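Novice: Below is the file input.cif, with mmCIF, C-alpha atoms.
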```
data_my_file
loop_
_atom_site.group_PDB
_atom_site.id
_atom_site.type_symbol
_atom_site.label_atom_id
_atom_site.label_comp_id
_atom_site.auth_asym_id
_atom_site.auth_seq_id
_atom_site.Cartn_x
_atom_site.Cartn_y
_atom_site.Cartn_z
ATOM 1 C CA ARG A 1 -1.068 21.548 -18.257
ATOM 2 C CA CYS A 2 -4.233 21.403 -16.109
ATOM 3 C CA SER A 3 -2.380 21.775 -12.803
ATOM 4 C CA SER A 4 -0.270 24.263 -10.887
ATOM 5 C CA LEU A 5 3.176 22.644 -10.983
ATOM 6 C CA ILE A 6 7.448 15.625 -15.609
ATOM 7 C CA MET A 7 9.856 16.934 -12.860
ATOM 8 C CA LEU A 8 11.859 14.337 -10.936
ATOM 9 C CA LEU A 9 12.388 13.827 -7.208
ATOM 10 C CA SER A 10 15.913 12.713 -6.328
ATOM 11 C CA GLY A 11 17.227 12.328 -2.815
ATOM 12 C CA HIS A 12 16.108 8.862 -1.799
ATOM 13 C CA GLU A 13 19.240 6.935 -0.911
ATOM 14 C CA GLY A 14 17.858 3.477 -1.776
ATOM 15 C CA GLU A 15 14.597 1.994 -3.062
ATOM 16 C CA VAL A 16 11.237 3.694 -2.566
ATOM 17 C CA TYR A 17 8.613 1.166 -1.523
ATOM 18 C CA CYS A 18 5.679 3.513 -0.946
ATOM 19 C CA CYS A 19 4.633 7.006 -1.961
ATOM 20 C CA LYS A 20 1.586 8.851 -0.686
ATOM 21 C CA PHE A 21 0.078 12.270 -1.238
ATOM 22 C CA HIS A 22 -1.005 14.471 1.612
ATOM 23 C CA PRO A 23 -4.804 14.769 1.207
ATOM 24 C CA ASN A 24 -4.677 18.566 1.181
ATOM 25 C CA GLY A 25 -2.394 18.180 -1.835
ATOM 26 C CA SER A 26 0.418 20.613 -1.050
ATOM 27 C CA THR A 27 2.913 18.242 0.610
ATOM 28 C CA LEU A 28 4.097 14.735 -0.086
ATOM 29 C CA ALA A 29 5.524 11.689 1.670
ATOM 30 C CA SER A 30 7.798 9.033 0.176
ATOM 31 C CA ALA A 31 9.688 6.238 1.908
ATOM 32 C CA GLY A 32 11.397 2.949 1.235
ATOM 33 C CA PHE A 33 14.644 1.048 1.796
ATOM 34 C CA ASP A 34 16.277 4.138 3.360
ATOM 35 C CA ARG A 35 14.579 3.597 6.769
ATOM 36 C CA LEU A 36 13.909 7.275 6.196
ATOM 37 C CA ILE A 37 10.730 9.082 5.160
ATOM 38 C CA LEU A 38 11.098 12.169 2.973
ATOM 39 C CA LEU A 39 8.506 14.942 3.024
ATOM 40 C CA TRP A 40 8.420 16.883 -0.242
ATOM 41 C CA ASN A 41 6.451 19.851 -1.500
ATOM 42 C CA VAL A 42 4.140 19.038 -4.399
ATOM 43 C CA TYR A 43 4.314 22.473 -6.027
ATOM 44 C CA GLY A 44 7.099 25.025 -6.215
ATOM 45 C CA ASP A 45 10.647 23.814 -6.816
ATOM 46 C CA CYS A 46 9.761 20.446 -5.164
ATOM 47 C CA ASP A 47 12.177 20.676 -2.250
ATOM 48 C CA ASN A 48 12.603 18.224 0.629
ATOM 49 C CA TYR A 49 11.461 20.266 3.617
ATOM 50 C CA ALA A 50 11.434 17.579 6.321
ATOM 51 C CA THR A 51 12.882 14.157 7.037
ATOM 52 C CA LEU A 52 11.589 11.409 9.332
ATOM 53 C CA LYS A 53 14.085 9.091 11.021
ATOM 54 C CA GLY A 54 13.044 6.516 13.601
ATOM 55 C CA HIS A 55 12.723 3.354 11.548
ATOM 56 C CA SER A 56 15.317 0.667 12.214
ATOM 57 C CA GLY A 57 14.303 -1.053 8.966
ATOM 58 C CA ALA A 58 12.877 -0.323 5.535
ATOM 59 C CA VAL A 59 9.482 1.369 5.267
ATOM 60 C CA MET A 60 6.937 -0.922 3.640
ATOM 61 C CA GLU A 61 3.809 1.213 3.682
ATOM 62 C CA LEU A 62 3.227 4.928 4.068
ATOM 63 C CA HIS A 63 -0.326 6.074 4.651
ATOM 64 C CA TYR A 64 -2.161 9.304 5.371
ATOM 65 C CA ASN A 65 -5.415 9.869 7.173
ATOM 66 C CA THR A 66 -7.829 12.308 5.538
ATOM 67 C CA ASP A 67 -6.946 14.752 8.316
ATOM 68 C CA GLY A 68 -3.424 14.586 6.902
ATOM 69 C CA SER A 69 -1.674 15.701 10.088
ATOM 70 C CA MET A 70 -0.419 12.269 11.200
ATOM 71 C CA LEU A 71 1.457 9.848 8.941
ATOM 72 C CA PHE A 72 1.308 6.078 9.474
ATOM 73 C CA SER A 73 4.315 3.975 8.522
ATOM 74 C CA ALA A 74 4.510 0.181 8.533
ATOM 75 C CA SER A 75 8.202 -0.756 8.582
ATOM 76 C CA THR A 76 10.129 -3.958 7.924
ATOM 77 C CA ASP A 77 11.699 -4.408 11.361
ATOM 78 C CA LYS A 78 8.700 -5.260 13.567
ATOM 79 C CA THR A 79 7.012 -1.879 14.036
ATOM 80 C CA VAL A 80 4.507 0.669 12.742
ATOM 81 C CA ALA A 81 5.382 4.286 13.516
ATOM 82 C CA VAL A 82 2.925 7.174 13.817
ATOM 83 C CA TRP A 83 4.407 10.574 12.936
ATOM 84 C CA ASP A 84 3.119 14.117 12.642
ATOM 85 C CA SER A 85 3.610 16.024 9.397
ATOM 86 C CA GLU A 86 4.196 19.670 10.397
ATOM 87 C CA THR A 87 7.256 19.576 12.669
ATOM 88 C CA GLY A 88 7.929 15.884 12.047
ATOM 89 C CA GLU A 89 8.537 13.844 15.210
ATOM 90 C CA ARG A 90 7.356 10.255 15.723
ATOM 91 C CA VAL A 91 4.463 10.579 18.149
ATOM 92 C CA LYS A 92 4.097 6.821 18.577
ATOM 93 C CA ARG A 93 5.568 3.393 18.005
ATOM 94 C CA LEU A 94 3.283 0.390 17.538
ATOM 95 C CA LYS A 95 5.137 -2.783 18.515
ATOM 96 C CA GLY A 96 3.083 -5.967 18.506
ATOM 97 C CA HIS A 97 4.002 -7.851 15.350
ATOM 98 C CA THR A 98 6.524 -10.670 15.553
ATOM 99 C CA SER A 99 7.732 -10.467 11.934
ATOM 100 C CA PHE A 100 8.104 -8.063 9.016
ATOM 101 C CA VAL A 101 5.152 -5.672 8.888
ATOM 102 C CA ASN A 102 4.076 -5.467 5.259
ATOM 103 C CA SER A 103 1.148 -3.054 5.537
ATOM 104 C CA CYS A 104 -0.827 -0.506 7.535
ATOM 105 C CA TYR A 105 -4.005 1.522 6.930
ATOM 106 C CA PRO A 106 -5.649 4.598 8.507
ATOM 107 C CA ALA A 107 -9.169 4.615 9.798
ATOM 108 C CA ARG A 108 -10.286 7.981 8.473
ATOM 109 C CA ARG A 109 -13.945 8.485 9.432
ATOM 110 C CA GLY A 110 -14.299 7.379 13.046
ATOM 111 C CA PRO A 111 -11.652 6.695 15.686
ATOM 112 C CA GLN A 112 -8.034 6.592 14.600
ATOM 113 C CA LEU A 113 -7.457 2.861 14.072
ATOM 114 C CA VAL A 114 -4.425 1.456 12.230
ATOM 115 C CA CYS A 115 -5.055 -2.014 10.810
ATOM 116 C CA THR A 116 -1.681 -3.611 10.087
ATOM 117 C CA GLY A 117 -0.535 -6.895 8.601
ATOM 118 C CA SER A 118 2.769 -8.701 8.920
ATOM 119 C CA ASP A 119 4.746 -11.754 7.847
ATOM 120 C CA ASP A 120 3.717 -13.844 10.852
ATOM 121 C CA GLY A 121 0.113 -13.893 9.628
ATOM 122 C CA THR A 122 -1.408 -11.747 12.375
ATOM 123 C CA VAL A 123 -3.539 -8.846 11.155
ATOM 124 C CA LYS A 124 -3.420 -6.451 14.089
ATOM 125 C CA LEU A 125 -5.562 -3.388 14.724
ATOM 126 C CA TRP A 126 -4.146 -0.414 16.585
ATOM 127 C CA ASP A 127 -5.972 2.292 18.464
ATOM 128 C CA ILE A 128 -3.219 4.767 19.253
ATOM 129 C CA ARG A 129 -4.439 5.605 22.766
ATOM 130 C CA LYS A 130 -4.285 1.948 23.843
ATOM 131 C CA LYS A 131 -0.567 1.286 23.052
ATOM 132 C CA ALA A 132 -1.486 -2.378 22.556
ATOM 133 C CA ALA A 133 -3.045 -4.841 20.134
ATOM 134 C CA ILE A 134 -6.839 -4.580 20.122
ATOM 135 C CA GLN A 135 -7.706 -7.560 17.911
ATOM 136 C CA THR A 136 -5.428 -9.995 16.099
ATOM 137 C CA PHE A 137 -6.939 -11.793 13.108
ATOM 138 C CA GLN A 138 -4.843 -14.925 12.683
ATOM 139 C CA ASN A 139 -4.262 -15.675 9.020
ATOM 140 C CA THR A 140 -2.235 -18.844 8.546
ATOM 141 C CA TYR A 141 0.003 -17.325 5.845
ATOM 142 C CA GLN A 142 1.756 -14.029 5.133
ATOM 143 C CA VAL A 143 -0.283 -10.887 4.488
ATOM 144 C CA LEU A 144 1.234 -8.284 2.160
ATOM 145 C CA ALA A 145 -1.497 -5.623 2.036
ATOM 146 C CA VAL A 146 -4.258 -4.697 4.493
ATOM 147 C CA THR A 147 -6.896 -1.952 4.318
ATOM 148 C CA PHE A 148 -10.086 -0.748 5.983
ATOM 149 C CA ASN A 149 -13.356 -0.174 4.181
ATOM 150 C CA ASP A 150 -15.107 3.202 4.138
ATOM 151 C CA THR A 151 -16.942 2.272 7.340
ATOM 152 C CA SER A 152 -13.669 1.288 9.142
ATOM 153 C CA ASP A 153 -15.542 -1.727 10.547
ATOM 154 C CA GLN A 154 -13.939 -4.390 8.350
ATOM 155 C CA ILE A 155 -10.309 -5.128 7.510
ATOM 156 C CA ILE A 156 -9.413 -6.273 3.999
ATOM 157 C CA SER A 157 -6.139 -8.222 4.073
ATOM 158 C CA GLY A 158 -4.501 -9.445 0.885
ATOM 159 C CA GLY A 159 -1.633 -11.856 1.194
ATOM 160 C CA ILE A 160 0.161 -14.899 -0.168
ATOM 161 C CA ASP A 161 -2.787 -17.235 0.514
ATOM 162 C CA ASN A 162 -4.053 -16.611 -3.096
ATOM 163 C CA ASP A 163 -7.274 -15.090 -1.676
ATOM 164 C CA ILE A 164 -8.265 -11.675 -0.401
ATOM 165 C CA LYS A 165 -9.698 -12.079 3.089
ATOM 166 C CA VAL A 166 -12.012 -9.627 4.841
ATOM 167 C CA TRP A 167 -12.407 -9.753 8.635
ATOM 168 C CA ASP A 168 -15.320 -8.176 10.495
ATOM 169 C CA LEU A 169 -14.424 -6.082 13.537
ATOM 170 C CA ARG A 170 -17.579 -7.128 15.400
ATOM 171 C CA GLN A 171 -17.958 -10.729 14.214
ATOM 172 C CA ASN A 172 -14.181 -11.354 14.663
ATOM 173 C CA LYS A 173 -14.227 -13.990 11.917
ATOM 174 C CA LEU A 174 -13.430 -14.172 8.223
ATOM 175 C CA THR A 175 -16.699 -13.429 6.449
ATOM 176 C CA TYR A 176 -15.934 -14.288 2.817
ATOM 177 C CA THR A 177 -12.850 -15.164 0.776
ATOM 178 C CA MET A 178 -12.355 -13.348 -2.533
ATOM 179 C CA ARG A 179 -10.820 -16.215 -4.512
ATOM 180 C CA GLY A 180 -9.549 -15.881 -8.070
ATOM 181 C CA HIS A 181 -5.885 -14.892 -7.788
ATOM 182 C CA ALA A 182 -3.169 -17.429 -8.544
ATOM 183 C CA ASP A 183 -0.229 -15.985 -6.553
ATOM 184 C CA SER A 184 0.578 -13.631 -3.696
ATOM 185 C CA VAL A 185 -1.619 -10.540 -3.407
ATOM 186 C CA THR A 186 0.741 -7.623 -2.837
ATOM 187 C CA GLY A 187 -1.295 -4.426 -3.004
ATOM 188 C CA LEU A 188 -4.767 -3.361 -1.896
ATOM 189 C CA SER A 189 -6.206 0.137 -2.192
ATOM 190 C CA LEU A 190 -9.733 1.447 -1.698
ATOM 191 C CA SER A 191 -11.570 4.395 -3.237
ATOM 192 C CA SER A 192 -12.515 7.667 -1.580
ATOM 193 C CA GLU A 193 -16.176 6.712 -2.015
ATOM 194 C CA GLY A 194 -15.241 3.342 -0.529
ATOM 195 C CA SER A 195 -17.288 0.933 -2.630
ATOM 196 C CA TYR A 196 -14.511 -0.568 -4.770
ATOM 197 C CA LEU A 197 -11.127 -2.037 -3.863
ATOM 198 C CA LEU A 198 -8.086 -2.616 -6.067
ATOM 199 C CA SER A 199 -5.979 -5.785 -6.023
ATOM 200 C CA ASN A 200 -2.506 -6.491 -7.387
ATOM 201 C CA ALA A 201 -0.966 -9.954 -7.370
ATOM 202 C CA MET A 202 1.879 -11.964 -8.865
ATOM 203 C CA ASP A 203 -0.461 -13.603 -11.369
ATOM 204 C CA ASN A 204 0.382 -10.385 -13.322
ATOM 205 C CA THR A 205 -3.278 -9.320 -13.195
ATOM 206 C CA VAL A 206 -5.115 -6.482 -11.445
ATOM 207 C CA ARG A 207 -8.605 -6.912 -10.006
ATOM 208 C CA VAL A 208 -11.354 -4.569 -8.911
ATOM 209 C CA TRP A 209 -13.617 -5.939 -6.183
ATOM 210 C CA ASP A 210 -16.669 -4.256 -4.663
ATOM 211 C CA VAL A 211 -16.381 -4.312 -0.872
ATOM 212 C CA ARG A 212 -19.927 -3.370 0.135
ATOM 213 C CA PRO A 213 -22.796 -4.969 2.112
ATOM 214 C CA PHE A 214 -24.766 -5.367 -1.115
ATOM 215 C CA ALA A 215 -23.347 -8.679 -2.298
ATOM 216 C CA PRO A 216 -23.352 -9.694 -5.989
ATOM 217 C CA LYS A 217 -22.047 -13.193 -4.983
ATOM 218 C CA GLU A 218 -19.008 -12.924 -7.287
ATOM 219 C CA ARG A 219 -17.116 -9.767 -6.428
ATOM 220 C CA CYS A 220 -14.502 -9.948 -9.199
ATOM 221 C CA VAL A 221 -16.152 -7.409 -11.493
ATOM 222 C CA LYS A 222 -13.169 -6.085 -13.473
ATOM 223 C CA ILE A 223 -9.946 -7.813 -14.519
ATOM 224 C CA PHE A 224 -7.014 -5.752 -15.821
ATOM 225 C CA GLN A 225 -3.964 -6.983 -17.702
ATOM 226 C CA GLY A 226 -0.667 -5.442 -18.768
ATOM 227 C CA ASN A 227 0.880 -5.748 -15.304
ATOM 228 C CA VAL A 228 3.832 -8.037 -14.606
ATOM 229 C CA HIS A 229 5.518 -9.331 -11.451
ATOM 230 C CA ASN A 230 9.125 -10.401 -11.686
ATOM 231 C CA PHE A 231 11.906 -12.268 -9.874
ATOM 232 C CA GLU A 232 12.406 -9.332 -7.465
ATOM 233 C CA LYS A 233 9.089 -10.236 -5.744
ATOM 234 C CA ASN A 234 8.434 -6.795 -4.301
ATOM 235 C CA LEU A 235 5.184 -5.606 -2.754
ATOM 236 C CA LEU A 236 3.658 -4.073 -5.869
ATOM 237 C CA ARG A 237 1.172 -1.530 -4.562
ATOM 238 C CA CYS A 238 -1.939 0.205 -5.876
ATOM 239 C CA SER A 239 -3.986 3.404 -5.773
ATOM 240 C CA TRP A 240 -7.317 4.853 -6.899
ATOM 241 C CA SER A 241 -8.003 8.198 -8.483
ATOM 242 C CA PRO A 242 -9.877 10.623 -6.201
ATOM 243 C CA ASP A 243 -12.632 10.858 -8.806
ATOM 244 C CA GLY A 244 -12.570 7.048 -8.956
ATOM 245 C CA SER A 245 -12.050 7.094 -12.726
ATOM 246 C CA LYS A 246 -8.503 5.715 -12.912
ATOM 247 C CA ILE A 247 -6.650 2.921 -11.164
ATOM 248 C CA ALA A 248 -2.893 2.640 -10.943
ATOM 249 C CA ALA A 249 -1.015 -0.534 -10.080
ATOM 250 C CA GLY A 250 2.748 -0.619 -9.714
ATOM 251 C CA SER A 251 4.490 -2.980 -12.107
ATOM 252 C CA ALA A 252 7.820 -4.768 -12.364
ATOM 253 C CA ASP A 253 8.654 -3.611 -15.912
ATOM 254 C CA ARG A 254 9.536 0.023 -15.014
ATOM 255 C CA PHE A 255 6.303 1.358 -16.564
ATOM 256 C CA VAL A 256 3.892 3.528 -14.585
ATOM 257 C CA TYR A 257 0.548 1.852 -15.293
ATOM 258 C CA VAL A 258 -2.731 3.765 -15.182
ATOM 259 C CA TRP A 259 -5.926 2.160 -16.433
ATOM 260 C CA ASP A 260 -9.421 3.493 -16.941
ATOM 261 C CA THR A 261 -11.967 1.937 -14.601
ATOM 262 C CA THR A 262 -14.846 1.881 -17.120
ATOM 263 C CA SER A 263 -12.896 1.301 -20.360
ATOM 264 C CA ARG A 264 -10.649 -1.380 -18.713
ATOM 265 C CA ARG A 265 -7.788 -0.271 -20.980
ATOM 266 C CA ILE A 266 -4.344 1.064 -20.141
ATOM 267 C CA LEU A 267 -4.643 4.829 -20.343
ATOM 268 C CA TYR A 268 -1.061 5.595 -19.343
ATOM 269 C CA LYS A 269 2.077 3.471 -19.681
ATOM 270 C CA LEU A 270 4.762 5.871 -18.622
ATOM 271 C CA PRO A 271 8.518 5.393 -19.008
ATOM 272 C CA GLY A 272 11.365 6.976 -17.063
ATOM 273 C CA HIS A 273 11.836 4.572 -14.163
ATOM 274 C CA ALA A 274 14.641 2.029 -14.227
ATOM 275 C CA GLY A 275 13.516 -0.532 -11.652
ATOM 276 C CA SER A 276 10.393 -2.309 -10.439
ATOM 277 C CA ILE A 277 7.706 0.245 -9.597
ATOM 278 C CA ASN A 278 6.463 -0.393 -6.070
ATOM 279 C CA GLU A 279 3.795 2.264 -5.480
ATOM 280 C CA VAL A 280 2.142 4.782 -7.805
ATOM 281 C CA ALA A 281 -0.083 7.456 -6.256
ATOM 282 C CA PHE A 282 -2.636 10.113 -7.208
ATOM 283 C CA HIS A 283 -2.884 13.758 -6.205
ATOM 284 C CA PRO A 284 -6.168 14.577 -4.395
ATOM 285 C CA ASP A 285 -7.145 17.780 -6.230
ATOM 286 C CA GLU A 286 -5.305 17.929 -9.575
ATOM 287 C CA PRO A 287 -4.507 15.121 -12.056
ATOM 288 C CA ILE A 288 -0.906 14.606 -10.930
ATOM 289 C CA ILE A 289 0.840 11.248 -10.561
ATOM 290 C CA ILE A 290 3.889 10.410 -8.490
ATOM 291 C CA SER A 291 5.490 6.994 -8.958
ATOM 292 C CA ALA A 292 7.866 5.215 -6.582
ATOM 293 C CA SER A 293 10.267 2.586 -7.855
ATOM 294 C CA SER A 294 13.500 0.781 -7.042
ATOM 295 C CA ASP A 295 15.482 3.340 -9.092
ATOM 296 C CA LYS A 296 15.861 5.563 -5.975
ATOM 297 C CA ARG A 297 13.789 8.269 -7.687
ATOM 298 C CA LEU A 298 10.224 9.554 -7.909
ATOM 299 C CA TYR A 299 8.453 10.888 -11.001
ATOM 300 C CA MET A 300 5.825 13.549 -10.530
ATOM 301 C CA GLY A 301 3.725 14.194 -13.588
ATOM 302 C CA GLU A 302 0.569 15.753 -15.022
ATOM 303 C CA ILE A 303 -1.505 12.912 -16.449
ATOM 304 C CA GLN A 304 -4.150 15.297 -17.795
ATOM 305 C CA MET B 1 -4.633 -23.121 -4.108
ATOM 306 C CA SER B 2 -3.547 -26.356 -2.428
ATOM 307 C CA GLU B 3 -2.318 -26.749 1.144
ATOM 308 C CA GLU B 4 1.247 -27.983 0.598
ATOM 309 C CA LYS B 5 1.623 -25.478 -2.255
ATOM 310 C CA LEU B 6 0.520 -22.817 0.232
ATOM 311 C CA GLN B 7 2.919 -23.986 2.967
ATOM 312 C CA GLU B 8 5.909 -24.335 0.642
ATOM 313 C CA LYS B 9 4.801 -21.009 -0.858
ATOM 314 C CA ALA B 10 5.046 -19.506 2.641
ATOM 315 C CA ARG B 11 8.366 -21.225 3.369
ATOM 316 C CA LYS B 12 9.809 -19.746 0.178
ATOM 317 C CA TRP B 13 8.500 -16.307 1.166
ATOM 318 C CA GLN B 14 9.593 -16.500 4.808
ATOM 319 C CA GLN B 15 13.068 -17.449 3.554
ATOM 320 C CA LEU B 16 12.788 -14.524 1.118
ATOM 321 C CA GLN B 17 11.854 -11.682 3.461
ATOM 322 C CA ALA B 18 13.956 -13.164 6.271
ATOM 323 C CA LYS B 19 17.084 -12.632 4.171
ATOM 324 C CA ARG B 20 16.128 -9.741 1.871
ATOM 325 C CA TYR B 21 15.071 -7.455 4.738
ATOM 326 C CA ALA B 22 17.618 -9.061 7.029
ATOM 327 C CA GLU B 23 19.255 -6.540 9.317
ATOM 328 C CA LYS B 24 22.667 -7.241 7.749
ATOM 329 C CA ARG B 25 21.281 -6.227 4.350
#
```
Show me this structure written as structure tokens.
Specialist:
Amino acid sequence: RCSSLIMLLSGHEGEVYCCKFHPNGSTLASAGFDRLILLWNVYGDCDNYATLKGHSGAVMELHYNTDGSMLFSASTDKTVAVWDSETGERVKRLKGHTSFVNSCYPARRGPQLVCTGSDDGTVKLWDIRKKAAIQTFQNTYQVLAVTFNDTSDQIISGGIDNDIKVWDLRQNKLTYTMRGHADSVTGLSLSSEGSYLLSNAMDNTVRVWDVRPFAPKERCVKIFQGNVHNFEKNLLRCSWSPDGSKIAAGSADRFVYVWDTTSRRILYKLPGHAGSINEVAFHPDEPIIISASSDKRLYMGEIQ
Amino acid sequence: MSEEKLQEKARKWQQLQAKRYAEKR
């Protein structure tokens, strides 16, 4: 067993584009095509204790700060909503993007900054007390996944420009371009220790880069196969294990993929889903995996 | 990649998300 809780989560009315664990590990957030975030309990009978309405379009990216009280939600319409998790009312809207917002990310260490990316190309940063766009990094093409580093002083935007592009918050320029992908980069996730960063793209390959000031001049250290991207062209997301040992990239062939970081082999190829798997997440404390896919269902499960 | 195969690649994706996440779908 090695946990406290394969039990299924049904109740999503359409696709689930993003699933995230609360960092305390007792509650759960999942959202997608429903314009409707569902808050589950991780243990117990896995009920749906709270619901978040306030998106006029589908929810592209759910995200939790390490505080875990406020939930960040990049939606399809033009907006990124900021919610609270206990009583569940949207404390803020963030309305500066002119197209479909594909991504958001919490700044967890310092001030609460929400770096977002959208289909216009603008990568916009969002302090919640400003109610405005702080800095807009103008990428010429669409960005599908954005994330901070551990320092929250750089933004790491992956998009359809075949390159992962990092922007410095003080230099306000693109510093270097992680080239080596052959299609649109859909999912970026960064470790709890913050040195390494996962990359999913429609070249049906997964990369690990090392976003760190110590530069090895070719940051593509680890290349993973097995993944596939299909005609549906979703935003196939990613996650890291909290011990940093396992990566998980969502795939288009209904199989929950979990690799080993060191071994570079597929540890887990899990069945059960029926559609393209958008986001697959990791529990903070115990080795539990939820997986979100287009089959309107979630699969919790003890990996170890 | 190229430039025209990164502008047509954006045109095919703008005309993908503009209709897939259209507010009538």
Novice: Residues near stretch 185-200 of chain A, anyone? I mean within 7 Å using all atoms listed in the file, not counting same-chain ones fewer than 5 positions away, as a PyMOL selection string.
Specialist: chain A and resi 144-147+149-150+158-160+162+205-212+235-240+242+244+249
Novice: Only C-alpha atoms, please: the residues just picked out, written as a JSON list (two decimals), keeping the file's coordinate frame.
Specialist:
```
[["chain", "number", "residue", "atom", "x", "y", "z"],
["A", 144, "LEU", "CA", 1.23, -8.28, 2.16],
["A", 145, "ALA", "CA", -1.50, -5.62, 2.04],
["A", 146, "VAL", "CA", -4.26, -4.70, 4.49],
["A", 147, "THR", "CA", -6.90, -1.95, 4.32],
["A", 149, "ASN", "CA", -13.36, -0.17, 4.18],
["A", 150, "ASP", "CA", -15.11, 3.20, 4.14],
["A", 158, "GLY", "CA", -4.50, -9.44, 0.88],
["A", 159, "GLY", "CA", -1.63, -11.86, 1.19],
["A", 160, "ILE", "CA", 0.16, -14.90, -0.17],
["A", 162, "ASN", "CA", -4.05, -16.61, -3.10],
["A", 205, "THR", "CA", -3.28, -9.32, -13.20],
["A", 206, "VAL", "CA", -5.12, -6.48, -11.44],
["A", 207, "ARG", "CA", -8.60, -6.91, -10.01],
["A", 208, "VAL", "CA", -11.35, -4.57, -8.91],
["A", 209, "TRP", "CA", -13.62, -5.94, -6.18],
["A", 210, "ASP", "CA", -16.67, -4.26, -4.66],
["A", 211, "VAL", "CA", -16.38, -4.31, -0.87],
["A", 212, "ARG", "CA", -19.93, -3.37, 0.14],
["A", 235, "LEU", "CA", 5.18, -5.61, -2.75],
["A", 236, "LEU", "CA", 3.66, -4.07, -5.87],
["A", 237, "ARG", "CA", 1.17, -1.53, -4.56],
["A", 238, "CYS", "CA", -1.94, 0.20, -5.88],
["A", 239, "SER", "CA", -3.99, 3.40, -5.77],
["A", 240, "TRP", "CA", -7.32, 4.85, -6.90],
["A", 242, "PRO", "CA", -9.88, 10.62, -6.20],
["A", 244, "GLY", "CA", -12.57, 7.05, -8.96],
["A", 249, "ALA", "CA", -1.01, -0.53, -10.08]]
```
Novice: Of the residues A:179, A:108, A:283, A:265, which is the one nearest to residue B:1, using all atoms listed in the file?
Specialist: A:179
Novice: Mind giving me the straight-line distance from atom CA of residue A:125 to atom CA of residue A:214 in Å, one decimal?
Specialist: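 Calculated distance between atom CA of residue A:125 and atom CA of residue A:214 is 25.0 Å.
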Novice: Near residue B:23, within 8 Å and counting all atoms listed in the file, which residues show up once chain neighbours fewer than 2 positions away are dropped, as number ranges by chain?
Specialist: A: 57; B: 21, 25
Novice: Distance limit 8 Å, atoms considered: all atoms listed in the file. Which chain A residues sit that close to chain B? Return them as a list in words.
Specialist: residues 57, 58, 76, 100, 119, 141, 142, 160, 161, 162 and 182 of chain A
Novice: With C-alpha atoms retained, export the selected residues as a PDB file, in the coordinates of the input.
Specialist:
```pdb
ATOM      1  CA  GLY A  57      14.303  -1.053   8.966  1.00  0.00           C
ATOM      2  CA  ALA A  58      12.877  -0.323   5.535  1.00  0.00           C
ATOM      3  CA  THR A  76      10.129  -3.958   7.924  1.00  0.00           C
ATOM      4  CA  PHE A 100       8.104  -8.063   9.016  1.00  0.00           C
ATOM      5  CA  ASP A 119       4.746 -11.754   7.847  1.00  0.00           C
ATOM      6  CA  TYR A 141       0.003 -17.325   5.845  1.00  0.00           C
ATOM      7  CA  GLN A 142       1.756 -14.029   5.133  1.00  0.00           C
ATOM      8  CA  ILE A 160       0.161 -14.899  -0.168  1.00  0.00           C
ATOM      9  CA  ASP A 161      -2.787 -17.235   0.514  1.00  0.00           C
ATOM     10  CA  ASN A 162      -4.053 -16.611  -3.096  1.00  0.00           C
ATOM     11  CA  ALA A 182      -3.169 -17.429  -8.544  1.00  0.00           C
TER      12      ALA A 182
END
```
Novice: Expand the PyMOL selection byres ((chain A and resi 61-71) around 7) into the individual residues it matches in the shown file, reporting them as an MDAnalysis selection string.
Specialist: chainID A and resid 18:20 22:23 31 59:60 72:75 82:85 102:108
Novice: Dump C-alpha atoms for the selected residues as a PDB file, in the frame of the given file?
Specialist:
```pdb
ATOM      1  CA  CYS A  18       5.679   3.513  -0.946  1.00  0.00           C
ATOM      2  CA  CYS A  19       4.633   7.006  -1.961  1.00  0.00           C
ATOM      3  CA  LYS A  20       1.586   8.851  -0.686  1.00  0.00           C
ATOM      4  CA  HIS A  22      -1.005  14.471   1.612  1.00  0.00           C
ATOM      5  CA  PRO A  23      -4.804  14.769   1.207  1.00  0.00           C
ATOM      6  CA  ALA A  31       9.688   6.238   1.908  1.00  0.00           C
ATOM      7  CA  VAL A  59       9.482   1.369   5.267  1.00  0.00           C
ATOM      8  CA  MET A  60       6.937  -0.922   3.640  1.00  0.00           C
ATOM      9  CA  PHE A  72       1.308   6.078   9.474  1.00  0.00           C
ATOM     10  CA  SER A  73       4.315   3.975   8.522  1.00  0.00           C
ATOM     11  CA  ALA A  74       4.510   0.181   8.533  1.00  0.00           C
ATOM     12  CA  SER A  75       8.202  -0.756   8.582  1.00  0.00           C
ATOM     13  CA  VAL A  82       2.925   7.174  13.817  1.00  0.00           C
ATOM     14  CA  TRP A  83       4.407  10.574  12.936  1.00  0.00           C
ATOM     15  CA  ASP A  84       3.119  14.117  12.642  1.00  0.00           C
ATOM     16  CA  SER A  85       3.610  16.024   9.397  1.00  0.00           C
ATOM     17  CA  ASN A 102       4.076  -5.467   5.259  1.00  0.00           C
ATOM     18  CA  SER A 103       1.148  -3.054   5.537  1.00  0.00           C
ATOM     19  CA  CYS A 104      -0.827  -0.506   7.535  1.00  0.00           C
ATOM     20  CA  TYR A 105      -4.005   1.522   6.930  1.00  0.00           C
ATOM     21  CA  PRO A 106      -5.649   4.598   8.507  1.00  0.00           C
ATOM     22  CA  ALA A 107      -9.169   4.615   9.798  1.00  0.00           C
ATOM     23  CA  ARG A 108     -10.286   7.981   8.473  1.00  0.00           C
TER      24      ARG A 108
END
```
Novice: Compile the contact shell of stretch 288-303 of chain A as a PyMOL selection string: residues with an atom at most 9 Å away, counting all atoms listed in the file, same-chain residues fewer than 5 positions apart removed.
Specialist: chain A and resi 1-3+5-21+30-33+42+250+252+254+256+268+272-283
Novice: Pick from A:241, A:157, A:140, A:152: nearest to residue A:117, with only C-alpha atoms counted?
Specialist: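 Ranked by minimum distance to residue A:117, first place goes to A:157.
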